């Protein structure tokens, strides 16, 4: 894949592990290591995506200009959606950390069930937006 796709792939691999919510995951969630790592992986994905779009603009098919503008704005919106989705994942995990830190030594099982359900929905959104972004990038040059 492209550099940005490999960066997103590392985000996916790390998130899949987090979604197991094992005791190893819990340790890294409560220390903030998980959200620092997701921030790093998100930032790298977005940096590579912006650089990729910039290089694609060196190999464009000429089109009506109105069309090129439309497609460029649609692509920028798709990039922004991806970044917002990754940040929503990270923010939901920050929320979980704060809730666990407020509850002394009480059982986190219900919190974990609710987190797992929510993360599944956030992953669905990130995945549909990533696939949409790849579709737009694939037809961007031909216009």
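Numbering follows the first chain given and starts at 1.
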**OP:** Output yes if residue 64 is unmodelled in at least a third of the other compared entries of this protein, no if it is modelled in all of them.
**Re:** yes
**OP:** Output the stretch having the higher mean C-alpha B factor in the entry; the candidates are 71-79 and 49-57.
**Re:** 71-79
**OP:** State which stretch shows the higher mean Cα B factor in the entry: 30-38 or 59-67.
**Re:** 59-67
Original post:
So among 113, 86, 102, 93, who wins on Cα B-factor in the entry?
Top reply: 102
Original post:
In terms of the CA temperature factor given in the entry, to which third of its chain does residue 134 belong: lowest, middle or highest?
Top reply: highest
